[PDB]
Amino acid sequence: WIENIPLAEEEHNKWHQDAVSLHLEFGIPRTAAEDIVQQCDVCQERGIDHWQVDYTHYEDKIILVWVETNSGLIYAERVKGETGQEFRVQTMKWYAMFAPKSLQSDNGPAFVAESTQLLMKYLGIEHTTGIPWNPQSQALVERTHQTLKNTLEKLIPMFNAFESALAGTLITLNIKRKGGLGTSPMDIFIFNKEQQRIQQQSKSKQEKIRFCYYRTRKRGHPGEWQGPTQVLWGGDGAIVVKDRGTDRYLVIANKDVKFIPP
Amino acid sequence: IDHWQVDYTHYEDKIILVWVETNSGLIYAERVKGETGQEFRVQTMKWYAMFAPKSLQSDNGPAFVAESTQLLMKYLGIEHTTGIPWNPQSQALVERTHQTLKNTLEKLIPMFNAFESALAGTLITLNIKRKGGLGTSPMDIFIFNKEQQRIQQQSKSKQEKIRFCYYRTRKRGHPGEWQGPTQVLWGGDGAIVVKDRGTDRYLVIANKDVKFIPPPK
Amino acid sequence: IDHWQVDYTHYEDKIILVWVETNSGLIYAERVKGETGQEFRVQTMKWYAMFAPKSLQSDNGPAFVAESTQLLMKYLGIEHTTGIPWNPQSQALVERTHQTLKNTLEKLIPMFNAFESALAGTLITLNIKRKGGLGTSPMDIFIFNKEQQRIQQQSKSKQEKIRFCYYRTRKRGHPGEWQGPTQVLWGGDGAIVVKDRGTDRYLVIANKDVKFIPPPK
DNA sequence: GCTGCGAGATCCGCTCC
DNA sequence: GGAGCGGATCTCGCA
Ligand SMILES: [Ca+2]
Ligand SMILES: [Zn+2]
């Protein structure tokens, strides 16, 4: 946790990994990995709970597409109409069973409305609307629709309706399609939630800013007290701080820190 | 382990179907338009899409007893049993969940304006605000059970290694011949312990004079 | 034990260097011509001539920080820190000592013509007249601290006895786990003192919450 | 119609006092 | 259990 932060930072400086890879490798919190990645000047100059929504039709019926950037999870459900009210119904019914944090979409008649933004404001999940001019996004969106629509005709004859094939497509994609060590995309999502839940136990007691002094040990010589430095994250007797001089993250034991009243 | 149940409720001349879990307590709600079996079939397959059950128990229904329905449920491979449940625990859980959801939905009336939005919002509130045990949501305990069963099923991989190794000793200031092959007993940092056949004695040998070989046929 | 602090004071355009001690409480004041590095080193050497300090604290000052000063201090080989002491205890002690010495010096200025003789007489009178408790003068505490620092004392710490036991922590009547074996420190009546490995903090555990390890048979 | 060799160190396993 | 002791084993460099 606290101890391996500089190791992750220097590894990312060497190789320029991503936040998810750093989290899976060094075990650092996802927030810390995101902070490290975002602060990279080269990176400034793809993640969990990040989804994309696209519109498609088949046999003159309305269907919505929800593609997860990381877990490769696809979800769909029948939609009566493209109006704003029905669109909101589907969007928040999507949150009924999922807990995302980011979402991207294009411009549409039901995307923008006087009540659409205020409704998502209550949910609190950040959403960005823009034009996907990235060639990677263009080629990634194309394959998902073909993959989901190819499985439709493989099970039409003995299913009664199209909404019946709606669940069959999800069964074909999210249940049987497996990579790695026989891991399904839903397995990836469920496992991701496991390590995602851990950081709540730490951030629950960390929601109150504190200033503290730090002391640098050099060959067993305490030297002096230095600070003040903002406490980044807490640990079992270890505290990580930012050095103003060397611009590096340092780890100090709990026996060389005091409390400064606000 | 992975038991599910179905129950319908009537409110304001409308029918709401509820999926209930016994061991964990998952609750799901949906608005059933008509009593035709097509709606029940599509709801069941949507549930199979969004959930991975192993056992389902339910009462009798006008559309449940149909050859096509049994054929479809056997196509999905799930099991189902007929007859009214006689377990008081299941009845108590179902009644408590139904009364709680009814109370929550009737309390939440002024906040919404639409209907489908209202049902899905009630689903959100019931599935999120329900804190059981150490503040665990029903979906949270469900994913806990899934990850626990997955890790207990996959834990056998780390146990089936039984790798083989060679070893050699220093005699009269010079290295000896590569004795083996043999199966390692315990391997830690710096050295590993092995069983010798010449003297039937345990010997600890460092990593600087060993070789690692997969077990033979 | 044997904690010292060095400070400067001004009186009638005269610089006086003062050493304040915590355990013995003795004040040592001398006259310094100027707050230069070489003279500061000379004064520290004069102070070290009859005393053997172990812990020293200093405030901010240009003479305190210097490459030659730090080399000389490492020549001393004594645990000392230099910086800005914001601890209220040290500041309060030093200001109280300064106030006391300022109050006391003006009483014996007239009959003693020499300033050095006057300050020596004042400090002599203070350390021979002022007594606390049952009549404990500061040099008695100082010699007690000095005689507690015998080299032969450290070797007399293990005659025959050494034991081991477990310990469990209690939080509002709810006990914890045994935390593994740990080394004992001393055996009291009704409770014992142990050292934690995770936090390096000394704790006290009741006898009823401690499981004794039997001696080898 | 024929050819490698041993001196000088070092321990094991032994038995005997 | 201490004790020395006979012998198998090792490398290297003559040309
Ligand atoms: Ca020759
Ligand atoms: Zn980077």
# chains A, B, ... in the order shown; residues from 1 in each chain; ligands from 1

$ select_by_dssp --residues "segment 30-181 of chain A" --states "strand (DSSP E)" --output "PyMOL selection string"
chain A and resi 50-57+62-68+74-75+102-105+126-129

$ write_last_selection --atoms "C-alpha atoms" --output "PDB file, in the first residue's frame"
ATOM      1  CA  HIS A  50     -16.390   3.231 -17.921  1.00  0.00           C
ATOM      2  CA  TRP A  51     -19.089   2.498 -20.495  1.00  0.00           C
ATOM      3  CA  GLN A  52     -20.144   3.633 -23.960  1.00  0.00           C
ATOM      4  CA  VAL A  53     -23.644   3.831 -25.434  1.00  0.00           C
ATOM      5  CA  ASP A  54     -24.491   3.513 -29.126  1.00  0.00           C
ATOM      6  CA  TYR A  55     -27.727   3.321 -31.102  1.00  0.00           C
ATOM      7  CA  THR A  56     -28.556   0.444 -33.442  1.00  0.00           C
ATOM      8  CA  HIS A  57     -31.638  -1.214 -34.902  1.00  0.00           C
ATOM      9  CA  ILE A  62     -35.262  -0.271 -30.879  1.00  0.00           C
ATOM     10  CA  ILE A  63     -32.301  -1.730 -28.977  1.00  0.00           C
ATOM     11  CA  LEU A  64     -29.627  -0.088 -26.820  1.00  0.00           C
ATOM     12  CA  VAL A  65     -25.961  -1.092 -26.634  1.00  0.00           C
ATOM     13  CA  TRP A  66     -23.812  -0.731 -23.501  1.00  0.00           C
ATOM     14  CA  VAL A  67     -20.133  -1.589 -24.047  1.00  0.00           C
ATOM     15  CA  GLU A  68     -17.724  -1.606 -21.099  1.00  0.00           C
ATOM     16  CA  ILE A  74     -22.329  -5.999 -23.121  1.00  0.00           C
ATOM     17  CA  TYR A  75     -25.879  -5.296 -21.959  1.00  0.00           C
ATOM     18  CA  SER A 102     -18.053   7.454 -16.081  1.00  0.00           C
ATOM     19  CA  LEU A 103     -20.033   7.368 -19.316  1.00  0.00           C
ATOM     20  CA  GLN A 104     -19.557   8.681 -22.857  1.00  0.00           C
ATOM     21  CA  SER A 105     -22.097   9.233 -25.624  1.00  0.00           C
ATOM     22  CA  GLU A 126     -20.052  11.932 -14.291  1.00  0.00           C
ATOM     23  CA  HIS A 127     -21.025  11.795 -17.975  1.00  0.00           C
ATOM     24  CA  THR A 128     -19.250  13.398 -20.942  1.00  0.00           C
ATOM     25  CA  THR A 129     -20.843  14.062 -24.336  1.00  0.00           C
TER      26      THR A 129
END

$ residues_near_ligand --ligand "ligand 2" --cutoff "12 Å" --atoms "only C-alpha atoms (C1' of nucleotides) and all ligand atoms" --output "list in words"
residues 8, 9, 10, 11, 12, 13, 14, 15, 16, 17, 18, 19, 22, 33, 34, 35, 36, 37, 38, 39, 40, 41, 42, 43, 44 and 45 of chain A

$ write_last_selection --atoms "N, CA and C atoms" --output "mmCIF file, in the first residue's frame"
data_model
loop_
_atom_site.group_PDB
_atom_site.id
_atom_site.type_symbol
_atom_site.label_atom_id
_atom_site.label_comp_id
_atom_site.auth_asym_id
_atom_site.auth_seq_id
_atom_site.Cartn_x
_atom_site.Cartn_y
_atom_site.Cartn_z
ATOM 1 N N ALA A 8 5.886 1.752 -7.865
ATOM 2 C CA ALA A 8 4.936 1.890 -8.962
ATOM 3 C C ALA A 8 5.208 3.154 -9.768
ATOM 4 N N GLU A 9 5.526 4.257 -9.085
ATOM 5 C CA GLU A 9 5.797 5.508 -9.788
ATOM 6 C C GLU A 9 7.000 5.370 -10.714
ATOM 7 N N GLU A 10 8.087 4.775 -10.219
ATOM 8 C CA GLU A 10 9.285 4.648 -11.043
ATOM 9 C C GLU A 10 9.082 3.631 -12.159
ATOM 10 N N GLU A 11 8.315 2.567 -11.904
ATOM 11 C CA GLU A 11 8.012 1.618 -12.970
ATOM 12 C C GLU A 11 7.199 2.276 -14.078
ATOM 13 N N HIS A 12 6.210 3.095 -13.709
ATOM 14 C CA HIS A 12 5.438 3.817 -14.715
ATOM 15 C C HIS A 12 6.307 4.827 -15.456
ATOM 16 N N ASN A 13 7.221 5.491 -14.746
ATOM 17 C CA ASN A 13 8.146 6.397 -15.417
ATOM 18 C C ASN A 13 9.017 5.655 -16.420
ATOM 19 N N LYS A 14 9.426 4.430 -16.088
ATOM 20 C CA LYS A 14 10.241 3.642 -17.006
ATOM 21 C C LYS A 14 9.439 3.198 -18.225
ATOM 22 N N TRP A 15 8.218 2.700 -18.011
ATOM 23 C CA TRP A 15 7.487 2.004 -19.061
ATOM 24 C C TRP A 15 6.182 2.662 -19.488
ATOM 25 N N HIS A 16 5.632 3.587 -18.700
ATOM 26 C CA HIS A 16 4.366 4.258 -19.010
ATOM 27 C C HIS A 16 3.232 3.241 -19.172
ATOM 28 N N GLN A 17 2.926 2.589 -18.054
ATOM 29 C CA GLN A 17 1.821 1.646 -17.985
ATOM 30 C C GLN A 17 0.513 2.419 -17.827
ATOM 31 N N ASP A 18 -0.564 1.711 -17.512
ATOM 32 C CA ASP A 18 -1.855 2.329 -17.251
ATOM 33 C C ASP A 18 -2.261 2.086 -15.803
ATOM 34 N N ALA A 19 -3.267 2.843 -15.357
ATOM 35 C CA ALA A 19 -3.679 2.782 -13.958
ATOM 36 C C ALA A 19 -4.177 1.392 -13.582
ATOM 37 N N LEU A 22 -1.175 -0.932 -13.232
ATOM 38 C CA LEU A 22 -0.460 -0.647 -11.991
ATOM 39 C C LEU A 22 -1.215 -1.190 -10.785
ATOM 40 N N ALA A 33 -3.306 4.899 -8.345
ATOM 41 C CA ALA A 33 -2.837 4.631 -9.701
ATOM 42 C C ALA A 33 -3.348 5.679 -10.681
ATOM 43 N N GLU A 34 -4.618 6.069 -10.547
ATOM 44 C CA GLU A 34 -5.173 7.105 -11.411
ATOM 45 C C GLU A 34 -4.465 8.436 -11.196
ATOM 46 N N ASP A 35 -4.160 8.769 -9.939
ATOM 47 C CA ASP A 35 -3.426 9.997 -9.658
ATOM 48 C C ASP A 35 -2.034 9.960 -10.276
ATOM 49 N N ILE A 36 -1.347 8.819 -10.168
ATOM 50 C CA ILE A 36 -0.008 8.696 -10.739
ATOM 51 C C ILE A 36 -0.056 8.839 -12.255
ATOM 52 N N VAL A 37 -1.011 8.166 -12.900
ATOM 53 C CA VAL A 37 -1.113 8.225 -14.356
ATOM 54 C C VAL A 37 -1.459 9.638 -14.812
ATOM 55 N N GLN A 38 -2.409 10.281 -14.131
ATOM 56 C CA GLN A 38 -2.846 11.615 -14.526
ATOM 57 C C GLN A 38 -1.749 12.661 -14.373
ATOM 58 N N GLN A 39 -0.871 12.514 -13.384
ATOM 59 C CA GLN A 39 0.193 13.480 -13.144
ATOM 60 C C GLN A 39 1.378 13.313 -14.086
ATOM 61 N N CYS A 40 1.382 12.279 -14.923
ATOM 62 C CA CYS A 40 2.480 12.084 -15.860
ATOM 63 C C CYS A 40 2.430 13.139 -16.958
ATOM 64 N N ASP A 41 3.526 13.887 -17.107
ATOM 65 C CA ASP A 41 3.587 14.916 -18.139
ATOM 66 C C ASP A 41 3.540 14.307 -19.535
ATOM 67 N N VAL A 42 4.250 13.196 -19.744
ATOM 68 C CA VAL A 42 4.261 12.553 -21.055
ATOM 69 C C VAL A 42 2.875 12.025 -21.404
ATOM 70 N N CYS A 43 2.211 11.377 -20.443
ATOM 71 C CA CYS A 43 0.861 10.877 -20.687
ATOM 72 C C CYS A 43 -0.115 12.021 -20.930
ATOM 73 N N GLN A 44 0.033 13.120 -20.185
ATOM 74 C CA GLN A 44 -0.804 14.292 -20.422
ATOM 75 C C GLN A 44 -0.565 14.866 -21.811
ATOM 76 N N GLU A 45 0.692 14.921 -22.239
ATOM 77 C CA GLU A 45 1.044 15.461 -23.545
ATOM 78 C C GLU A 45 0.587 14.534 -24.667
#

$ residues_around --residues "residue 7 of chain D" --least-positions-apart "6" --cutoff "12 Å" --atoms "only C-alpha atoms (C1' of nucleotides)" --output "PyMOL selection string"
chain E and resi 11-13

$ interface_residues --of "chain D" --to "chain B" --cutoff "12 Å" --atoms "only C-alpha atoms (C1' of nucleotides)" --output "JSON list (two decimals) with N, CA and C atoms (P, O5', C5', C4', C3', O3' and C1' of nucleotides), in the first residue's frame"
[["chain", "number", "residue", "atom", "x", "y", "z"],
["D", 9, "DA", "P", 52.84, -31.51, -1.05],
["D", 9, "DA", "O5'", 51.45, -31.25, -0.30],
["D", 9, "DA", "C5'", 50.41, -32.21, -0.39],
["D", 9, "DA", "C4'", 49.18, -31.60, -1.05],
["D", 9, "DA", "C3'", 48.02, -31.33, -0.11],
["D", 9, "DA", "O3'", 47.24, -30.25, -0.60],
["D", 9, "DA", "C1'", 47.42, -33.06, -1.61],
["D", 10, "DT", "P", 46.18, -29.52, 0.37],
["D", 10, "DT", "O5'", 44.92, -30.51, 0.36],
["D", 10, "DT", "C5'", 44.14, -30.67, 1.53],
["D", 10, "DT", "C4'", 42.93, -31.54, 1.25],
["D", 10, "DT", "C3'", 42.17, -32.00, 2.50],
["D", 10, "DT", "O3'", 40.77, -31.83, 2.31],
["D", 10, "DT", "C1'", 42.75, -33.86, 1.16],
["D", 11, "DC", "P", 39.95, -30.85, 3.29],
["D", 11, "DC", "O5'", 39.90, -31.65, 4.68],
["D", 11, "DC", "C5'", 38.77, -32.44, 5.02],
["D", 11, "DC", "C4'", 38.54, -33.55, 4.01],
["D", 11, "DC", "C3'", 37.48, -34.58, 4.41],
["D", 11, "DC", "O3'", 36.37, -34.48, 3.53],
["D", 11, "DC", "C1'", 39.43, -35.61, 3.47],
["D", 12, "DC", "P", 34.92, -34.98, 4.02],
["D", 12, "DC", "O5'", 35.04, -36.57, 4.02],
["D", 12, "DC", "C5'", 34.06, -37.36, 4.67],
["D", 12, "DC", "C4'", 34.13, -38.80, 4.19],
["D", 12, "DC", "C3'", 33.47, -39.81, 5.11],
["D", 12, "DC", "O3'", 32.98, -40.90, 4.35],
["D", 12, "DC", "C1'", 35.80, -40.23, 5.03]]

$ residues_around --residues "residue 3 of chain E" --least-positions-apart "5" --cutoff "10 Å" --atoms "only C-alpha atoms (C1' of nucleotides)" --output "ChimeraX atom specification"
/D:15-17

$ residues_around --residues "residue 34 of chain C" --least-positions-apart "6" --cutoff "10 Å" --atoms "only C-alpha atoms (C1' of nucleotides)" --output "ChimeraX atom specification"
/C:14-16,40

$ select_by_dssp --residues "segment 104-148 of chain C" --states "helix (DSSP H, G or I)" --output "MDAnalysis selection string"
chainID C and resid 104:105 115:129 138:147

$ decode --residues "segment 87-122 of chain C" --atoms "N, CA and C atoms" --output "CSV table (one decimal), in the first residue's frame"
chain,number,residue,atom,x,y,z
C,87,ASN,N,8.1,22.8,20.6
C,87,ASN,CA,7.5,22.1,21.7
C,87,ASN,C,7.2,23.0,22.8
C,88,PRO,N,6.0,23.1,23.3
C,88,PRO,CA,5.7,24.1,24.4
C,88,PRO,C,6.5,23.8,25.7
C,89,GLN,N,6.8,22.5,25.9
C,89,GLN,CA,7.5,22.2,27.1
C,89,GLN,C,8.9,22.8,27.2
C,90,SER,N,9.7,22.7,26.2
C,90,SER,CA,11.0,23.2,26.2
C,90,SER,C,11.0,24.7,26.2
C,91,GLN,N,10.1,25.4,25.4
C,91,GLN,CA,10.0,26.8,25.4
C,91,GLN,C,9.6,27.3,26.8
C,92,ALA,N,8.6,26.7,27.4
C,92,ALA,CA,8.1,27.2,28.7
C,92,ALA,C,9.2,27.0,29.7
C,93,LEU,N,10.0,25.9,29.7
C,93,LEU,CA,11.0,25.7,30.7
C,93,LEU,C,12.1,26.7,30.5
C,94,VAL,N,12.5,27.0,29.2
C,94,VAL,CA,13.6,27.9,29.0
C,94,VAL,C,13.2,29.3,29.4
C,95,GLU,N,12.0,29.7,29.1
C,95,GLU,CA,11.5,31.1,29.5
C,95,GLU,C,11.4,31.2,31.0
C,96,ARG,N,10.9,30.2,31.6
C,96,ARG,CA,10.8,30.2,33.1
C,96,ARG,C,12.2,30.3,33.7
C,97,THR,N,13.1,29.6,33.2
C,97,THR,CA,14.5,29.6,33.7
C,97,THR,C,15.1,31.0,33.5
C,98,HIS,N,14.9,31.6,32.3
C,98,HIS,CA,15.4,32.9,32.0
C,98,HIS,C,14.8,33.9,33.0
C,99,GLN,N,13.5,33.9,33.2
C,99,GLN,CA,12.9,34.8,34.1
C,99,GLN,C,13.4,34.6,35.6
C,100,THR,N,13.6,33.4,36.0
C,100,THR,CA,14.2,33.1,37.3
C,100,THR,C,15.6,33.6,37.5
C,101,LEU,N,16.4,33.4,36.5
C,101,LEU,CA,17.8,33.9,36.5
C,101,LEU,C,17.8,35.4,36.5
C,102,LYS,N,17.0,36.0,35.7
C,102,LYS,CA,16.9,37.5,35.6
C,102,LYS,C,16.5,38.1,37.0
C,103,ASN,N,15.5,37.4,37.6
C,103,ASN,CA,15.1,37.9,38.9
C,103,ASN,C,16.2,37.7,40.0
C,104,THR,N,16.9,36.6,39.9
C,104,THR,CA,17.9,36.3,41.0
C,104,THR,C,19.1,37.1,40.8
C,105,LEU,N,19.6,37.4,39.6
C,105,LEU,CA,20.9,38.1,39.4
C,105,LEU,C,20.9,39.5,40.0
C,106,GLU,N,19.8,40.2,39.9
C,106,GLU,CA,19.7,41.6,40.4
C,106,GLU,C,19.8,41.7,41.9
C,107,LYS,N,19.7,40.6,42.6
C,107,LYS,CA,19.7,40.7,44.1
C,107,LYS,C,21.2,40.8,44.5
C,108,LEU,N,22.1,40.2,43.8
C,108,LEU,CA,23.5,40.1,44.3
C,108,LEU,C,24.5,40.9,43.3
C,109,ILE,N,24.0,41.9,42.6
C,109,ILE,CA,24.8,42.7,41.7
C,109,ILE,C,25.6,43.7,42.5
C,110,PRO,N,25.1,44.4,43.6
C,110,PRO,CA,25.8,45.5,44.2
C,110,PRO,C,27.1,45.1,44.9
C,111,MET,N,27.1,44.1,45.8
C,111,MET,CA,28.2,43.8,46.6
C,111,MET,C,29.4,43.2,45.8
C,112,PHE,N,29.0,42.5,44.7
C,112,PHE,CA,30.0,41.9,43.8
C,112,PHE,C,30.3,42.8,42.6
C,113,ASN,N,31.5,43.3,42.6
C,113,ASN,CA,31.9,44.2,41.5
C,113,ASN,C,32.0,43.6,40.2
C,114,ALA,N,32.6,42.4,40.1
C,114,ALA,CA,32.8,41.7,38.8
C,114,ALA,C,31.6,41.0,38.4
C,115,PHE,N,31.2,41.2,37.1
C,115,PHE,CA,30.0,40.5,36.6
C,115,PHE,C,30.1,39.0,36.6
C,116,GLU,N,31.3,38.5,36.3
C,116,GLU,CA,31.5,37.0,36.3
C,116,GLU,C,31.4,36.5,37.8
C,117,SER,N,32.0,37.3,38.7
C,117,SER,CA,32.0,36.9,40.1
C,117,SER,C,30.5,37.0,40.6
C,118,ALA,N,29.8,38.0,40.2
C,118,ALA,CA,28.4,38.2,40.6
C,118,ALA,C,27.5,37.1,40.2
C,119,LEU,N,27.7,36.7,38.9
C,119,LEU,CA,26.8,35.6,38.4
C,119,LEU,C,27.2,34.3,39.0
C,120,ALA,N,28.5,34.0,39.3
C,120,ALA,CA,29.0,32.8,39.9
C,120,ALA,C,28.4,32.8,41.4
C,121,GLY,N,28.4,33.9,42.1
C,121,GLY,CA,27.9,33.9,43.4
C,121,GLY,C,26.4,33.7,43.4
C,122,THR,N,25.7,34.3,42.5
C,122,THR,CA,24.2,34.1,42.4
C,122,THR,C,23.9,32.6,42.2
